[PDB]
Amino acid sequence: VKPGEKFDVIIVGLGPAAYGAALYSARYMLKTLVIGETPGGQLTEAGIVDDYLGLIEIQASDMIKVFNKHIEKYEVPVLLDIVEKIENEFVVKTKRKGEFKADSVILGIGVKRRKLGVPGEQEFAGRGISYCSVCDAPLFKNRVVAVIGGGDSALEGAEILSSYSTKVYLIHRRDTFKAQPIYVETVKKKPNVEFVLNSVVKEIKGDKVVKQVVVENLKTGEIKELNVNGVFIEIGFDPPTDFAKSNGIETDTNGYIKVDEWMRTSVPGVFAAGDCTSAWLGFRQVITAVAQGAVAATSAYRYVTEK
């Protein structure tokens, strides 16, 4: 593909939602272009994925490879770059590869995970550290684990891990949690979840795999070394509010791109799917992102053919 080329649809992103949208877009015979920064999106940080029906215990890197193969079967051009602006046909401007034209746009830009950044985090990646509790909980049956964070992701994470794991240490830097009351009350009733409030993780330690987390109480300055086999980092996600505003796309009060049932945004001709949207907000899974991508491609098809 070359700058100035026109497409029926341009899909922004390269995570599950974008692959899902590209497969349906191409099969509708829509001239499709995918422009995304990182192939696989957040799957680049996952280990084994066993929650996508039909792909049993697949390495996340192999899921990304087969998702790409599926869209390439239909010769969908994929450009690795960042989309900086979407102007209204639509002109999509990228950072390094120029501008492209499109009759419709599908946003599958997801959300950025809020980073922790402590020593041992990168060294133990794939060896005890996980960024998804619901995804990996079955893997820590009868292991002691720690969950870091205090929003819904963290509390729901501690709730499912408490069912599987020996014990969960729920560590959060504030005095109270910010998750929904119903989640805090449910977790509070688990005898094997211990709240470690007013604390931060100083380091994650181990040999071949994770074995301990060093925690500091911000109020007393006291240090604790907890013996754990897994550390689940669940501090949250930042939605693409600035990108949306910059491009005149409405966001809900949570900062997510607002869509209706059919994945339509506030801008006619612009649809969205996956983690970046207000649909099924808080449930972030490959299966739902791929399905939303199919729906957004279907709404883009109806839009383009009718235009």
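The first residue of the sequence shown is number 1, and the count goes up from there.
Visitor: Which class fits the unmodelled deposited stretch between residue 88 and residue 89: none, 1 to 3, 4 to 9, or 10 or more?
Guide: Per the record, 1 to 3 deposited residues are absent between residue 88 and residue 89.
Visitor: Quick check: 49 to 57 versus 243 to 251, which has the larger average CA B-factor in the record?
Guide: Per the PDB entry, the higher value belongs to 243 to 251.
Visitor: Determine, for stretches 108 to 116 and 124 to 132, which one has the higher mean CA B-factor as deposited.
Guide: Of 124 to 132 and 108 to 116, the stretch with the higher C-alpha B-factor average is 124 to 132.
Visitor: For the C-alpha B-factor as written in the entry, point me to the maximum among 184, 160, 83, 196.
Guide: It is 184.
Visitor: Quick one: which of 41, 282, 269, 274 has the biggest Cα B-factor according to the entry?
Guide: Answer, based on the entry's C-alpha B-factors: 282.
Visitor: Would you mind ranking residue 302 by its C-alpha B-factor against the rest of the chain and naming the third, lowest, middle or highest?
Guide: Lowest third - that is where residue 302 ends up once the chain's C-alpha B-factors are sorted.
Visitor: Thinking about Cα B factors across the chain, which third does residue 146 belong to?
Guide: Answer is lowest: the recorded C-alpha B-factor places it there.
Visitor: By the recorded C-alpha temperature factor, relative to the other modelled residues in its chain, which third is residue 166 in?
Guide: Lowest third.
Visitor: Using the B-factor values recorded in the entry, state whether the Cα atom of residue 76 falls in the lowest, middle or highest third among the modelled residues of its chain.
Guide: For residue 76, the deposited C-alpha B-factor lands in the lowest third.
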